[PDB]
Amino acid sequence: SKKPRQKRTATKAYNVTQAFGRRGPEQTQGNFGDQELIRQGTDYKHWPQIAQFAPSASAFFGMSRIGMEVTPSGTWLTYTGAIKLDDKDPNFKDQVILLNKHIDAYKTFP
């Protein structure tokens, strides 16, 4: 689409591959999403349960380690971090199952 990559929202009409590229093993590639989530984006039935872990803009810049890398491909704002699950949430076990369904799911794609 015409938006900067980081502001795109994937849906059935403009899916994860279209917005964010194929899943893969490279540092530059995303690794998250089974075939259903890839094709459906935010239309995926359990999208809200995934999105609850995504950071607000304030938390993205507040929690992460932020860097800047200048490479031949361009200038990149790098980010890394970790978000703790609330194991006192009764939904904790469902959250673990859901994340396990999508993290590196492309390793099973035919």
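Whichever C-alpha set is largest while still superposing within 1.5 Å between the two forms counts as the rigid core. All residue numbers are counted from 1 along the displayed sequence.
Averaged over structures and residues, the CA distance from the shown form in 9 other deposited structures of this protein after a core fit is larger for 70-78, of the two stretches 56-64 and 70-78.
Of the two segments, 85-93 and 16-24, the one listed with the higher mean B-factor is 85-93 (C-alpha atoms only).
In this entry, 1-9 shows the higher mean Cα temperature factor of the pair 99-107 and 1-9. Per the PDB entry, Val70 shows the highest C-alpha temperature factor of the residues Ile50, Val70, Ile38, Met63.
You'll see in the entry that, of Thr75, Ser58, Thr80, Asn31, the Cα B factor peaks at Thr75.
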